[PDB]
Structure formats: C-alpha cells, structure tokens
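What follows is one chain in structure tokens, specifically the form deposited in one PDB entry.
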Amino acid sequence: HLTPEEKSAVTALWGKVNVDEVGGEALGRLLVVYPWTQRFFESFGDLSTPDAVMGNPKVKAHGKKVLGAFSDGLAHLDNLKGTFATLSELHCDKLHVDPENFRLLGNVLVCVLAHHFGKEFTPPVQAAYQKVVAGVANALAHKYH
C-alpha cells in the first residue's frame, strides 16, 4: 500500500510520461535483456539485432497497449486484482506466460523511468513505483492461484 506522498509522487511523475514511447522502450528492453521472452512475440518479425527490436513498429505498438494497462493500474491502485482480471485470465489461461516475467517487465519499466527522468527518479520515487509494479505483477498472476 502506497502512502499519500507516494501516491502523489507517482501520479506526478506519470503525467510527465511519454505514453507513445516508454511502453515500447520497456517491452523492447525486455526482449533484448531477457531474450527467452521473444518466444511470445515470434509473430512480430525482426527481433534478431537489438536495434531491430527497439525500431520494430509492432513492439512499439504493443508496448503502448502494455503502458495503457499500467496507467489503468495506477488510476485504480485499490482494485488491481479487478483491473487485471481479464488480463490475468488472458496471460495465465491462454498465453501461459510464467508469472516471473511480469516481475521482470515491471522492473524493466522502472529502469526505463530512471533512464527518462534521470535525477527526478529519486530513491523514494523508485521505492513507491516498486510497490506499484509488484502490485501489478501479483494481480496479473492471480489466475495461477
């Protein structure tokens, strides 16, 4: 659970986020850093070289959809299990994505936020966003329980 200051600092930073690129960078970095995750995106095409993964227009378009789902999680922090109920069913029952990969993507997003905000992504701001991405990972893995 986020303190009032943590909730304020998170919504504050998020409003400054480029909803068009961050999701793409986060998803792209996941496929380069942990390349076994490329097994769920073979239908996306070019993913061999690192510049191809980032420059891929589908990795960029899909990342935007992933970012949207995190924005939804942020808007409703008290109802994460509910917000990610259809997506938990989708990822767990249809896709068979191991829940460990939700934790990795949340951590890659944290690395992307630090990369875009520099010194504005302070250690308590990161501490707050760690609660968020952990909350989203657990809620997206609820159908496995």
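Take the two forms, superpose them, and find the largest set of C-alpha atoms that agree within 1.5 Å; that set is the rigid core. Residue numbers here begin at 1 and follow the sequence given.
The following text describes the form deposited in another entry, which does not appear among the structures shown.
To test your reading of the superposition: with the rigid core aligned, which of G82, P57, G118, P35 moves its Cα by 2 angstroms or more between this form and the one not shown?
Just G82.
Spell out whether the Cα of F70 moves at least 2 Å between this form and the one not shown when the two forms are superposed on their rigid core.
Indeed, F70 is displaced by 2 Å or more.
Closer or farther apart in the other entry, the C-alpha atoms of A75 and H96, for a change of 3 Å or more?
Relative to the shown form, the pair is closer.
So the Cα-Cα distance between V132 and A75 shifts by 3 Å or more in the other entry; is it shorter or longer than what we see here?
Relative to this form, closer in the other entry.
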